[PDB]
Structure formats: structure tokens, C-alpha cells
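Contents: one structure, followed by commentary.
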Amino acid sequence: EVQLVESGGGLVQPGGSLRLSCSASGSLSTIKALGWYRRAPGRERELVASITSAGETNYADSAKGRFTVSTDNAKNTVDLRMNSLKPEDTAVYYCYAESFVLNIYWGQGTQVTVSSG
Amino acid sequence: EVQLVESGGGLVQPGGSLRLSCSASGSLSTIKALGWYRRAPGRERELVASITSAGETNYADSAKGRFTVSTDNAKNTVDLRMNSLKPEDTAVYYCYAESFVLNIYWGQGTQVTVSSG
Amino acid sequence: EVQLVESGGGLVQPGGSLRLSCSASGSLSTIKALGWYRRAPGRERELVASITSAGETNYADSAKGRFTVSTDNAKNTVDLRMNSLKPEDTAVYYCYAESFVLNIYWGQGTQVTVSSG
Amino acid sequence: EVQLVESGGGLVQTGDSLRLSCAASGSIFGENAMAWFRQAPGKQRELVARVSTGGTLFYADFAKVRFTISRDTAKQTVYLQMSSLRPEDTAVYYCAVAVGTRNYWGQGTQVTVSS
Amino acid sequence: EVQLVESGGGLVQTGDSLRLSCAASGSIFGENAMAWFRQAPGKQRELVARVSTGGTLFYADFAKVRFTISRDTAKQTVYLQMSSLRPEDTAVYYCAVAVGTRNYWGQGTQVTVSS
Amino acid sequence: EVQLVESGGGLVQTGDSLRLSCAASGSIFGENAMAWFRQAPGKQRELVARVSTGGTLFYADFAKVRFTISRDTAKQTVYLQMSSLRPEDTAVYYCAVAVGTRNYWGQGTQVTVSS
Amino acid sequence: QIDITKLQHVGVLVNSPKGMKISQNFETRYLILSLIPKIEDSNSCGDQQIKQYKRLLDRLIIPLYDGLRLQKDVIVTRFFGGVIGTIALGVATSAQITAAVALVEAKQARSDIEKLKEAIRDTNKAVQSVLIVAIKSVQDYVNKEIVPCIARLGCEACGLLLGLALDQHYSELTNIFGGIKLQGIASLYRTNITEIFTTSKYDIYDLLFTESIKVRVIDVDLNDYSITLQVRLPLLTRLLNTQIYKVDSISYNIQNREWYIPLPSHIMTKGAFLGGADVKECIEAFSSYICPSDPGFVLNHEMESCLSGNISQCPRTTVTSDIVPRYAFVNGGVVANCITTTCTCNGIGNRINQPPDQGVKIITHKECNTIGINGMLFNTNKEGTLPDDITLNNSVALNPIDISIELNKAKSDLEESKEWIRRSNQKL
Amino acid sequence: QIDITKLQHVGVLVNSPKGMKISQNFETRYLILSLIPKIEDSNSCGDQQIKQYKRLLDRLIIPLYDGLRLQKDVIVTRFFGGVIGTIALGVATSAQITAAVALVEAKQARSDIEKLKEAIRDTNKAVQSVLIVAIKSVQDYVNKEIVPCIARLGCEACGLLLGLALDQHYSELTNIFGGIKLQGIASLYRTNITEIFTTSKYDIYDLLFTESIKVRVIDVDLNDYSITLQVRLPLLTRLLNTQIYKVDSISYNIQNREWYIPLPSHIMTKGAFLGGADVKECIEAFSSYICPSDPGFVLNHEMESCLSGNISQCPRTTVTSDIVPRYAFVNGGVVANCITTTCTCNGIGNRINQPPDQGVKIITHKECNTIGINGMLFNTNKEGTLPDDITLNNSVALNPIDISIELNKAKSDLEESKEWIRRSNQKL
Amino acid sequence: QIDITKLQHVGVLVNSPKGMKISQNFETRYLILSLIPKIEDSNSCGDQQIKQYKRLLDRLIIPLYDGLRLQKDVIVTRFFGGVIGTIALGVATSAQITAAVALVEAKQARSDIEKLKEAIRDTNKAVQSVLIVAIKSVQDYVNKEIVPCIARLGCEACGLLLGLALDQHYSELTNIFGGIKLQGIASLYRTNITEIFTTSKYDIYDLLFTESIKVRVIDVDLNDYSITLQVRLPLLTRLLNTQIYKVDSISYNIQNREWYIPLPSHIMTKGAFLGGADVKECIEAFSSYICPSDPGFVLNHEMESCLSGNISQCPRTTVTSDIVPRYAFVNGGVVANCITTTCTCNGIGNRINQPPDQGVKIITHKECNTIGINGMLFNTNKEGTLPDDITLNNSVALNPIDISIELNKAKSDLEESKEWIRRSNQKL
């Protein structure tokens, strides 16, 4: 079992920046990757970003060269930096942990909304 | 299910002739062959004649060159012409329908008797 | 079923001789071999001697060239001749019958004790 | 589908010889197993001789030396030359050909060893 | 682990010709299956041509004669020479290489058949 | 059924050499697997060397270079030449021969490396 | 057709023959199973258990109904030879075409079933027929026990008993319905085939075969909670001039090695045909085998010639396990490999020696009155009916690795031959 | 990727494609089964049956506990990338390393389970959750029937009924626990997966696959008589550019012989990959196959080239049984070996002749309005979409004996070649 | 006998050895099962259910009796070495001769059984012995529950309960009797082997093996409704100098291809013998395997030489599936194909490179303190005990089609060689 606590969501003006954090606790030595997923109203969840224990990082098609993700092993935190947001980026973001045996764990979820402008 | 109704049985003098008819009703498009079978007192049923949808006809050893069989597709009838009867030909005749999946259907059966003379 | 009755056990002075007999009764035509087994206080049963229907005879490591076994087919008896006994030979001896299908039968067992001297 | 025809039977005197023949036509091609059976009136049918696919000959106890069997693949014909006949050989002889798992029987010729 | 790079796309006039290329480097060795796919904007991805392990060529209905595919095992390079282009060929072309049961996709080059 | 006889043991001085031999007679024929085991007094039995069916030699850690094993198929004889003996080699040596799945053991000769 | 005598010399033993009975045709009868019993009690007792029981049946009836409804259709919709229907799009093998034609033949039957079920809804008979036969799941137990209990015990007392009885039936239904063979349904309803269908003294082997034929579900009714199956009753006919033989191979000695002739478990002779038989799907009676179709299959020409008496062609393989027998009784005598097996004549006092060039020893009552195998003395049968240097060169391997290793050797020899050819062409 | 059109000429038929759904990840939830029910009756009724029932459960609980306790251990005991543990002595394959890592991941869960069980001991709910779900064996039956019986009947009357109810449950437990699949537990407790776990309308195929995944026992408690299992719920994802095709081979004619192309039952195309698929472990839905991992495997180069349209490379083998079909419907038409099968065009009155050099006859609605197979007249489909001398030289045998006999012939020819070389070297 | 160290370099891993315990002899004891219970009630209650129960047992007792009576007989009917009997006509393999001799040995026992059954008819004990042991189907349940119910409830009330109890027993009987293993009977009667037979602390593995030995029905009585079986209790003996080893093959790299050495799952060493073991029929204990007979079988000479340290002879095959492992822990270290598997030393920050000419990388605690497989960091074991250009030329194929395709190539090369010979003879 890996418990995930998310923070940093809310409302932001278009073109602004936001920082989302996810704290993990448990047998993290067994977790292969940590990342973030997104669900939009009317569609299933899709991958946003993920970072492995070796620092290898991949992004979605819409997040390539636009977003970044980082980790801090000492204070056991997962941070997502959101920059150059667009009106279509309003959604609910989740942080996830993937085990070497393909087990996946999800957080409580936080809603991110962007003003129309 | 194919329902078969037989007719034409009874008593006949030796050396005479008889005509047996069998009417079929049902999913006859699935029936592969139509023919007649015979049971004698004290023995199992044996084949007498059969005619396929292509008109190919076969007879028993005792019926070869002695009996004939015919069909009428329009009025959906099966006819058996009995000629040159012998005192040993007295028995019970049945009409049968054989399906492409080897299902067999039998009629009510009619008794044919020949006088000793 | 083969019933085995043993006799000839008891107390004997060291360096003496003893004769043990075992009578068999049953479908002995199916028994492959007849012999004797030994159990000592604090250890499992071990083979002592066995003789086959062909007279082929084998002995244990401690019984080689020291003991002998014999049979009488007419009076249906199994005899064990014990000679040059040692203080370590005190134990319980059993006679056994082994079938061609590997079935084994045991007798009631007789205790053989030797004086310390 | 395969038509089997056999010829060479009929009346024969005791001690004479005959050569039965049987040919196959149709979809039969290549080497095939051929056999000759016999059935006396009022008796069960028995095998006389057989030619396997690879040409290995087989003969029954009554045909060990008196009869000989041969196969002609180019003509799909099986021959049975009865060198020495006896009165008890009087029976119906049936030709049999096997194409794969299917066995085809011919209209058996009749042989009567008269005396 | 295996890196796939493809080059030779871009703008091209109607009726001209192009020669797409795709090379593989890394743990890939020996004969391997290579294929070229295509996906028009707003349309499902389709296969153009494929070279099997043993060199047997395959072509789609639109590539039967207009396109040709070749493989260079020594260089682990697959070529697709588009001899006659039409305006509807405007799409993204993706290189695919299969090493055993693993399939690797490259970053698809874009070809626009201008007019 | 197969009788195994071994010879060549006995007392030997430290640093000398010996050549144990073991022959098989009876229904044994052709190439067969032969092995030599050892069992010190008050110790479990261990393998010295083995000759597989195809002639592949095998040696234990203590026999890597000091001992050599050979097979003579024509005589069904297995030899074990102990080139350099040490006082701890004093033990009973047992010959083993395998014919198919059946394993036959011989009456082990005793070797004492005196000093 | 088979030279039984010569095969003994190579260790191939042919057992007593048996004929063959084949299912040339089948009678088709429909069986309707009504899973909900009728409780005749006017006080409506047991209704609560029946309601709960209905909820439990849904776990089986719904999966079956969904599977039937979503099954692919290969034929889409008179005269003695009219068109059956139109070929549906897709790919349909001969088995699917045959199975679909069978379902088309049941179209008229289904129209009749829909009318009969109305009478089955209110009847209280355990087995009823109008042939089409209908059986109620527990109606017999209800009428004989649960119906008279209400008059003596309270509704509550035996109401719980009805619950446990229905629960047991569900455990049995899910065992068979969770293909389907008529034996399963016969066991589920504890009723004999002769009691279900009144149609025709036949041997136990014939009934066992009838209970072995598969049954197919033609329809499922979610409202009446009933399932109907099509039962095929075979018309067995003896296939004349057809024989099935059992082949047993014993160990054969070649230069102190043990070899055996690999052959099928059963071989068949049908006129001019000789080949193996797949009796694994058939029933073995006292005098014949009952099969749904001809089990024969074509054998390799070397095996067919081997069985035809040319024992020099018989394939041989090394014996690698104790499964292969080393001795067997044949026609009152003993046939054994007397090299690895101790054979004794007229007593254990003397062992018969088998020369290394002889592979199998044949011992007959004309020579030894008593034969002893590993000390098992046996008396020979006086009514039993049991010098050629045979050599077998067709050595074969039963595993792909051995063939691959031998093939690699052949390829290496081919390379050496090609090199020698290159050398000869270059020097000459 | 596959030349479906050309394969028909060699008798290879490719069915309608289906995509693939693969279980890339799994949700992990723990299920606690409490085998001893709680009888709320204040008169302590049923206690005697429960005591006897406990004695019977030991025959299952003790073997499971002993097997778990004596199971070998391959890893012996934070940060996002810390060391999982220390390699234990022995040999451990990748499967055992993966399974052991899964048990390590459950270490934290086990510490939670030990606290939850205390509340399960005194609760009387049939299904309770605190996710971790707990189910009592017969609590629902006890509360709805055995609890109200005590108030109406005597303790003795329905005490025996509780005994039989528990006895039935034991017979079911020993059936599943005597690997374990979630379907077994779901059937044992007669409860749906959606009723057990409140987590996520999904198709019946997805639930059937979830019930097919195996469950592993993490611990057994001998004091509370409870067993806990780890249930994995799959997250299905559609693997883009992945297709699974079904391959059906019909009889092919070569000089009046019957041959067929041996191919896997299912073949897969994934981008540039082409090969067989082991769908035997997968679930087949209406539009996709649900698999736990990629079922693809590499095929022989001759089969891969055969499926790529080079039909001259297709392996062929003699037909030795009636299992191989001789006719099949394809895209509204009929594809059959019209030499051994009677093919009729526009009625039975005329048979279409197939030349001996042609192996398979393709009949389309553009030629024959009605096609008759063995007299089975069928109407062609107007919406269906169904002169080259192809020769196949890659003859192959499916049994080791045939290959061995052919290999012996090749070895004999090699010996003759070597002898001729020796003669040439000696004479020249 | 096995060079465990060298095999690691080719990916062949040998696990920890285990001895072998073989059943050299068996004790024979007869078990009589009486299916009809005795209801001691003087009011004759339950007689109606027993009558119905008898009718249901006939569906099992009659098939068994018919099968036994119609079984073929191979021996037809003292001294320590007298003739067992006369050889019956037919063919009887060694297995049938052995089984028949066992039935002859039971002739004297059958005469005793016929007298004991008379006392079993009127006894009311659940388990009784006079060794010969007899067990009544439900006598324990009847005495403890159904007998005291008559004194409290009415005969009708618990009469129905007896019916359901007997019905449950029938469902279990038909499950086991509908070969037979002692575990089935032990489970059916819910009684331990130590409780049935008072003959001799033995390990659970020994009892599990005893429950695995098959039991044979010696006779069936249609009047007393009883079935008797012969139970064999094994005398296990440790076979000295016998070892069974488990062999695990990992992927081996050759020029970026993946190969593996195909070997049996288990291999055995017995003195001079080395070969595979068929442990599938045996029981695996903590320190030994319990087998009914020697499971050894002869291996191919190339595999026997491969296991003897001549790793150049090891057969190799291409890896065509993910079943074959790519990494495994060995003696505290990691052995893996570090080309297709990412191997990291002292952390993920650096990957160890494996040269293309090296097939397997061996990582020991003396080099890397921590080893990471696909990111799974593991701590090496300090107590673990884990430069040659080895080339393997014995390439082998595991499927008949690949061998046939290669054999066709060899035949074509043979034809070319023969043609070149003909050309050389004609020109020269």
C-alpha cells in the first residue's frame, strides 16, 4: 500500500503558472515510477507525466516541451510545475505510483480550473 | 421435424402390383434423401429403396431390377411402385427422410400382405 | 494373506548358538522371498537374511560369513541358525514374506537376548 | 466416385488355372492398396491376398503358394493368378481398392471349379 | 533501447518523386522485419509497405506500383521510394522495425504533396 | 547380473603412485558410463572422477590434477591412476558402472597412504 | 491382413479382434428442463424460498442466454431440394456449416416448443410428455415429501428444508452447466434414458454410448425459467468387414541393447485399408467398438509394410523407460526378452539362454510345461496356439532434439562432401 | 500486412480481425474470508454445530497454513529507489523474484489487516468493508433464516438445519481450496464482483476476464478461522495497431492427393511484427481479445513469408484425418476442394470440374447464383466481396517418425556420395 | 557429477539437491465401506428414506459390479515356489500379469471378508475393526443427531433431515466413484489415515504420499450394499547415493540473438548414472522426493556430456516466448543476460556493458554491493558462494516443421551433390 496526498490545485489565470505537489508514504522501494494523470469532463483518464527512479522522464503529446516534473527523494515529495497554461488545460489531476509488479495507486485527486479570460 | 404420412398398403394377390405413397411436410430443404424401409416378423428393419435430391437411386439386393421409386417435388409426394411381388414380400413398409446432419425420421408404417395362392 | 509364526527366541550365553524357526501358511506360491529382519532398541528395523525360491541367499554386512538361513518346502518351514553370537546381537528378530507385487508380511516377533558375560 | 471393374471369372475345370483382373478408373492416382477377397456361399467373407501401398505382398494360408498377386500402378490394375485350383475354391471373388481411408468394393466375379 | 531515425520528407510538388529513408542503431543485428505506415490527418493509420524477415515484399493497394520498398541489412536501413505522388498522399509517414516480438516506432516524417 | 571386479589397492607410501583398475563382464556391451567413488572411514561417500557415455571426463576438486581417469571400451575396463597421494587420501574406493538406468556397485578396494 | 505370427518375432503383439458399430444416423428428440418446481400448497408456502432460488438460477440462466444470443450466425433465412438459406458474410468452416444446418432443421421444432411450454407452466408432474419430454427439477421430491409436510409440520419447519433441497440442486446444475453430455443431465435428474424417452433390451454398452453423445442448447426462456436441449439418439449399425486390433510392443534385443517397435495403440483393417484407429473417443464393448465416425487414419508406409509381414521395415527406437513391457503372455505361451528378463523352463533350476543375435524368445507349451518369469512360475495352456536372421535398419527417434542432432551431423557431412567436390573440381 | 486474397488460393482463410486489450496495470484489493458465522441467538443455540464445523474446516485450513509457512523465501529483509531486500541463498527465477516482490509490497497491508480482523470477529454483517472487504461464509443465511427460526421453532429443530447448511458450504470450500481463480470465490459466495468491491457499465467480457485473474493467499489465521487473499483488478487498455486474426486451413489438391497448409490457430500483426498468438489464455470479446500479456510469438521464416503473400513458400502436409475441413464459406462465396467435394453451380444438375493442376476452387456470386455442397444448396450473398500455376515445394511432416525415416534415407545417400568420392579419389 | 560452476556460463542453473525415498515394499490392508447406515430407532423411522437411498445407490453400485464381473481374466486357477496358475488365452502385458497376481494374492483375504461382513450388517459403530477396517457411511451423524432427534422431534421432522444428509453423501460418492486414490476416500469419510488404520510421528509428506497411492476394488456386494477396497501402505526407504536436481535455463546471448539450453525440468544422479527424472508423479518434501519407482530415464549423449562439464556440446534453441527467464538469483548473486535486461552495479547510475561475444553476465558480491534488475535494486548476500570463449555449435529445433524445412534443404543439397558427381563421372 502506498498512500498519496495531493496539493496545489485551484483556480489560475490563463497564461499563469502553478505548482502541484504529491506526497508518498509506504513501501516506496517497490514503486517503479511516479507521475501525474489527467481526466477531463467527458473522457477517460490520460497520462500527463511520469518520472522513474533513474530520472528518466516522459511526457504526453500535449505536455512535450511545455510542462516539467521533478522528485525529491530525501523529503519524499513529487512536484509538478505547470507553465504556459491554456483554457483547455482545466481538468482534474491525479498523482500515481506504479509498482514493479504493475500495481497502480491513485491519490484523492485535485481540480485545476483556468479562467476563460 | 419432418412429418411423414404413408398410404397404399393392404392385401394383394401374388404376382400383382401395388403403389405405396408417402407425403412429407416440414423443412424438406434440409432432407438429403427419401426412401422406404422394411421390417419382417422376426428381424430388424432393412433398406428397400432411396432416392436423393439429384435423382440418384439405389435399391436393396432383393429389390435390384425388380422395384422402382419416384418423387414429385411440386406436389411433395414420394411414390413406391411394387411389381412382381412374391410370397416372401409380405412385411411392414416405412417411408423415411434423412437429413444432411444424419437425422432420420420415420412414418407411422403400413402393413403389406400377400396371399399364399 | 500370509500368516507367520515365529519360535526359538529367548536367552543365550555369549558365544553360543541358537535356532530360530518361522512357519508360513497361505498363498505362498505368490511369495518371492522369505527372510529375517532385526530391530534394536533405539533404531529402525534392518535386514538380516533372505532366501529366494531359487535358493539365492544374501546377508547383511554384519551377518556375512557369520550366520546362515535355510528353508524346507515340504514341511513349509523357515529356519535361522545363529552362531558365534556377540553381546551386540541382542535384539528382536522378525520373519518376513515378500510377494512378487512387493507386498510384505511380518510375524509376531521374538526377543533374543544375550548375557553380558 | 471410383469405378471398379473385374473380369476373368467363370467356370473352370479342376486343376486348371485362371487369372483374375481388376482395374480402377476415376480420381485414383499413384500407388494405392489393392486386395482380393473371397466368400463361399453360406460362409463368411475371407481375404485371399493383398498388396500394400509399398508393394509388400500378403497371402492367406490357402494362397501361400497356389496363388500370386501383382499390381500395375500405371494401369491401376490388380491381378490374381490362381495357378492350381481345387474344388473347394468355388466361391465369389471380390476386388477391393483403398484410396486413403476410403474403401471401394467391386461387383464380385464368380468362379466355379467344376469337376 | 533501439533508436529509429527517419529522413527525406518535406514539401514536394504533385507528380514528383521522393525517397524516404529510415535507419536503426543499437542492439539490432541481422535480418529484421521493417515496415512503413501512413496516417492522414483525421484518419486512421494504414500500412504502405512491409519487408518481411526473409525479404518477401508486401504492398498495399495504393502502393502496388507507385511505391517501392527495399532493405539494406548491412546498414539496417529501409528505403521507400515514392515514384509517383498524388495530392491525397499528403500525410505523416511512420517507420516501424520489429526485433523479435518487440515493435519499435520512429518519429514520423511529414510529406505534403503540394500543387 | 553384471559382475564388477576391482584390483590395485593396498598399502602405499606417501608421495607414491597407484593405478586402480575395474573390469566388467556379462551383458555389458558398448560404451557405458563408469565412475570411481571414495568413502573415508566415518565420512560420507564422495565422487572422485567419472567418465560419461561419450567420453567426457569429470573430476572432483581433489582430483583436478592429481588423479586421471580413462576407459577402455573393448575391455570394459576403467582405470584411475593416482599420480600424487597424500595421507588424507586413505579411504575405500568403490567402482561404479551404469548400464542404462541400472547402477552396479563393486566391492570397494581399500587404499592406505602410509607414512 | 496382418501377419500376427511374424510380428511376434519383432515383439509386436496383436490382441483379439473386435468389430465396429458406427452411428450412421441419429434420432432427434427435444428435452425441456423446467427449473422452477410447482408447490401445490394453497397456503402459498415455500414461495419465499422459490423467490430466493430464482435469484440464484440467474447466475446460470443469464450467462447461457447471453452466450446463445451473441453467437455468430453463418446462415440467414418449400421443396425436397430447395435452397436452405443465404451464405452470411464471414468465414465458416464445414463444422460450423453443419452445425448451422442442424439449427435450421430445428426451426419448425422451436415453433412447437413455444406452445407446449404453456402447459408445462401449470403442470405438477415430474416427467411429462406430449416426442417432447419435460422434467421438473425437484417436483418429485416436493410432491412426495414437501407437499405432505405442510399437512403435518408447520410451513416454517419444512420451508427451510425446501431451501436446502433447492440449494443442493443448484450445486449440481452449476457443475454441469457452469460441452454438455447426456450423461450429465441423466445424472442430474437421477433418471434413466429409457425412463425419459419411450422409444426403441439393448446392451449396457449401447446405453453408455447414448449417454456419451453431446447435447446442444437450442433456446433459453428467461420468463418461465426453462432450458431446452436437442438430444440425438444413435442408430448403431455393424460395419461389415471392419476389424479393430490392439497392438502391444515389448522390448526387443539388439546386441544387448533394448529396442521396441513404436506403433499406434490400436490398428484397423477395413477391406484393403490398414491403419491406426483413434478409439479414445469410442466405447469398447465385449465384441465391438462403438464409434461416432470411422476412427481410421493413414499410417506411414513403413509401418503399413511392417504390419503386412515385411518385418524388416519396422521402425525401431531405444527403450528409455520402464513403461515398455519386457514380457507378455501370448496364446497360452510366454513371449519375452529373456536377456534382461530371467526366463526358466520346467522350473527355476535352469535358465534358457537367448543368443545375442535373437531379439525375442518365444516359449510354447510344446517345449516348456511351466515357464517362470522372474521366479513367477506359470502353467502353460494346453489349448494354446502360439531360425531367421531378421535385421531392422529403420532406426527412428521419437524426440525432435535427437533428430536435430543427427540432422546437424548430416549437414556437416554435406559440407565436407561439397568441399571435396570443390577440391576435385579445382585440382582436376 | 497479410495478403488475404492470395492465401485463399492455397486454402488459407483469414477470418475477421479483432483488436487487443492488454492488462498494463492492476489495482490491488484484499479480500478477507471469515469461515465461522456469528449466531446472534442469546440462548447459544447452534454452538454444537459450529464446534463440529470448526473440526471439519481444520482439514483445509491446516494444509493451507502449513504450505504457506514452509514455502521457500527468496528475499529477506525508505526511499523512492531504495534496496528492496537481500538476495536469499539458492536459485530464484524471474517468476519467483517477481512473486516475492509482490509479497514484499503486501508487508504494509498485512500490518493493517491484523487490526481490521478484530472488528470482523464480533460483527454480524454478511459483507462489510472498512478498501478491504470481508465476507462471512453463511451469515446471510443465518440472519435471514436461522436467526428467526429460534424464535418460532425449537433450538433442536433448526439446529440440525444449520448443520446441513454448514456441511454444504464445506463441500464447496474443499472444491475450490482442495491455482485459485476469482471466479471460484465469487461462485462460492454467490456474490458479484461489483457487489464485493465498489470501484470502477463495463462489458460482460471485462467482468469475465476480471473473474479469470488468479488470486494468491497472503496469510491464514488459525485462531479466528479466516483466510485472506490478494485480488488484482485489471486496467484494460486497447493496444493500438494490434490485430489478431484467426487462420483456418482447408484441404488443398495436388495431383489427386489432399494437402493442407499447417498454420497456427491465431496469427497476430503488430506494426512490423507478424506471428502467432496464444489466445488460449485470453478472453474473446465481440471486438477485441483481452489478454494478460502480449500473446505473440515468433514464427518460422517460411510461414512468415507465406502469410506475406509469397504462397510458394507455404509449408504443406498430407491430410491424414477428417478433422481438416474440405469446404468453407468465405465472404459470401464458397471455397472448396471441388475434386473430393461435389460442387454444383446453379443447381445440382451440373457439377463444376476442377482441373488436376488446380488445388482450390473459388466460387463467387458473379458466377454461380446458387452453390451446392454435397447437395446442400445455398444462396450466394450479393453483398459479398470474395489463372496462376502456383507450386509449393516446401513439403513438411508433422510427426518425428516420418522425419526420421526421411533422415535415414538422406544419411544413406550421404554414404553413397562419400563412397563415390572415395572411388573417384582412388581411381583418379 | 555435475559441473554446476561451468553450466552457469551457458545459463544452466542447478538448484539445491534433494535425496530420494522410494516405495520398495507395501503393506496391504483391506477397507470395507458399508453404504447403508443402521437406524437404531425401534419405531422403524427413517426406513422410507433408506429405501429411497438404496434405489439411488444402485446407479453407482451396479455399474461397478458389472465392470468388475465383465473384466477380462488372464490367470485361471501349496509350496513356497509352486505354480501360481495357468496362462489364460489372449494377450496380457506385464502390467496385467502383475495386477492379476495381486488379485490372486487376495483370494485368501476374500474368503475372510465374506465372514466378517455378517457382523458388519448389524453393528452400529462408525468405524470398526476385527487388520480389516469397516466404515459406515453416515452412522456417526445418525447416532449423534438423528438418533436423539426421534426422542425429541417427531419422526417426520427429522426424517426429512436424514434424507437430505443421505442425498449429500450420494453427491460425494458419485464424485469419487463416478482411478481411485486413497485421498478421495479419506475426504469422503472425513477421517484421517491414522484414525482408520492403527499401524506404524511421520512427516506430513509421508502421509500425503500414502493418500496418493491408488486403491483397487476387489469386490462389490449387491445384497449388503457394501464395497471393499485394497489399500497399500508404503514402506519408504532412502535410496543412498541418489540425488535429484532441478534445472532452470535462462536466456543466453549469441550475436544479439537470444538462445537457451533446452533441458529437462529435473535431472538425477545415481552413482555413475546421470539423466532426467519424471518427478511429476512424485511428492516433493523438504529434503527428499518420495516416488513409487525410480523416475530416472536415459538422456541424449549430448545433454549428458553437456551436464558433465563439456558445455561446448550443449544443445541450444532460439527463445520464442517470454516464458524463458532472462535473469535469476544464484547463490547470493545475479546471473542474467545483461544485453536485453538492464543490469546496474552499485546503483542505477551506471549500466554494466556485456560484450556481444559474452552470453551470460555473472555478478558477484565481490564486485557489486547492490545489483539492479530493471530498476529493482537488491542487496547482495555476503555469505554467497557464487574469460573463456565458449562456442556452442549443436543448434537444435524443438518443432517438427523447422526440422522438416531444414531436412528439405539438406535433400536439395544432396541432389546437387549427386548431379555434380554425375557430371564429374560423365566429363572425366
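Following the order of the C-alpha cells, first chain is A, next is B, and so on, with residues numbered from 1 inside each chain and ligands from 1 in the order they appear.
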- DSSP on the backbone: what in chain A comes out strand (DSSP E), as a ChimeraX atom specification? /A:2-7,10-12,18-26,31-39,46-52,57-59,68-72,77-82,91-99,104-106,110-114
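Residues in contact range of stretch 100-107 of chain F, defined as at most 7 Å between only C-alpha atoms, with sequence neighbours fewer than 3 positions away removed, read residues 4, 5, 94, 95, 96 and 97 of chain F; 271, 272, 273, 296, 297 and 298 of chain I.
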- Residues within 6 Å of stretch 19-34 of chain I, only C-alpha atoms, excluding chain neighbours under 4 positions, as a ChimeraX atom specification: /C:102-104 /I:132-136,226-239,242-243,288-292
- Residues at most 7 Å from residue A:69, counting only C-alpha atoms, excluding those fewer than 3 positions away in the same chain, as a ChimeraX atom specification? /A:49,79-81
Writing out the chosen residues with C-alpha atoms as an mmCIF file, in the first residue's frame:
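Result written to out-v2.cif:
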```
data_model
loop_
_atom_site.group_PDB
_atom_site.id
_atom_site.type_symbol
_atom_site.label_atom_id
_atom_site.label_comp_id
_atom_site.auth_asym_id
_atom_site.auth_seq_id
_atom_site.Cartn_x
_atom_site.Cartn_y
_atom_site.Cartn_z
ATOM 1 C CA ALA A 49 3.958 12.941 -16.988
ATOM 2 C CA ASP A 79 6.345 18.075 -7.666
ATOM 3 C CA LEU A 80 4.614 19.103 -10.893
ATOM 4 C CA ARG A 81 5.349 22.547 -12.338
#
```
Contacts between chain A and chain I, please, where a residue of chain I counts if it comes within 9 Å (with only C-alpha atoms); show its shortest atom pair and distance in Å to one decimal, rows by chain and ascending number, as JSON lines.
```
{"residue": "I:348", "atom": "CA", "partner": "A:54", "partner_atom": "CA", "distance": 6.2}
{"residue": "I:349", "atom": "CA", "partner": "A:54", "partner_atom": "CA", "distance": 7.1}
{"residue": "I:374", "atom": "CA", "partner": "A:100", "partner_atom": "CA", "distance": 8.7}
{"residue": "I:375", "atom": "CA", "partner": "A:32", "partner_atom": "CA", "distance": 7.2}
{"residue": "I:376", "atom": "CA", "partner": "A:30", "partner_atom": "CA", "distance": 7.5}
{"residue": "I:377", "atom": "CA", "partner": "A:29", "partner_atom": "CA", "distance": 8.3}
```
Please save C-alpha atoms of the selected residues as a PDB file, in the first residue's frame.
```
ATOM      1  CA  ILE I 348      21.185   2.675 -11.307  1.00  0.00           C
ATOM      2  CA  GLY I 349      23.621   5.481 -12.182  1.00  0.00           C
ATOM      3  CA  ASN I 374      15.145  -3.324 -14.418  1.00  0.00           C
ATOM      4  CA  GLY I 375      15.450  -0.821 -11.577  1.00  0.00           C
ATOM      5  CA  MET I 376      14.808  -3.409  -8.840  1.00  0.00           C
ATOM      6  CA  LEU I 377      17.727  -2.683  -6.526  1.00  0.00           C
TER       7      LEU I 377
END
```
- Item | residue G:44 surroundings by only C-alpha atoms, 12 Å radius, close-in-sequence under 6 positions cut, as an MDAnalysis selection string | chainID G and resid 38 50:51 147 150 155:156 159
- Message: Should the cut-off be 7 Å, what would the residue list for chain H against chain I look like, counting only C-alpha atoms, as a list in words?
- Response: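 Listing them in order of chain and number gives residues 82, 83, 84, 85, 86, 87, 88, 89, 90, 91, 92, 93, 94, 297, 298, 394, 396, 397, 398, 399, 400, 403, 410 and 417 of chain H.
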- Skip residue F:70 itself and residues of its chain fewer than 5 positions away, then list as number ranges by chain all residues within 10 Å of it, counting only C-alpha atoms. F: 21, 34-35, 49-51, 55, 57, 77-81
Dump C-alpha atoms for the selected residues as a PDB file, in the first residue's frame?
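As a result, part32.pdb now contains:
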```pdb
ATOM      1  CA  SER F  21      41.523 -50.860 -12.208  1.00  0.00           C
ATOM      2  CA  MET F  34      31.899 -45.559 -15.407  1.00  0.00           C
ATOM      3  CA  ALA F  35      32.786 -43.753 -12.190  1.00  0.00           C
ATOM      4  CA  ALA F  49      36.014 -38.922 -11.107  1.00  0.00           C
ATOM      5  CA  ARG F  50      33.584 -40.057 -13.783  1.00  0.00           C
ATOM      6  CA  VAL F  51      33.643 -40.949 -17.476  1.00  0.00           C
ATOM      7  CA  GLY F  55      33.950 -39.931 -23.080  1.00  0.00           C
ATOM      8  CA  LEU F  57      35.818 -36.711 -18.293  1.00  0.00           C
ATOM      9  CA  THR F  77      37.730 -51.512 -18.004  1.00  0.00           C
ATOM     10  CA  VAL F  78      38.011 -48.203 -16.137  1.00  0.00           C
ATOM     11  CA  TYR F  79      41.378 -47.049 -14.801  1.00  0.00           C
ATOM     12  CA  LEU F  80      42.141 -44.443 -12.133  1.00  0.00           C
ATOM     13  CA  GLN F  81      45.842 -43.547 -11.938  1.00  0.00           C
TER      14      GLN F  81
END
```
- What residues in chain I lie within 12 Å of chain E, counting only C-alpha atoms, written as a PyMOL selection string? chain I and resi 253-258+318-322+338-342+353-356
- Separating atom CA of residue G:395 from atom CA of residue I:276, to the nearest tenth of an Å, is a gap of 22.8 Å
- Suppose you want the space between atom CA of residue E:48 and atom CA of residue E:16; what is it in Å?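 Spanning atom CA of residue E:48 to atom CA of residue E:16 is a straight-line distance of 18.1 Å.
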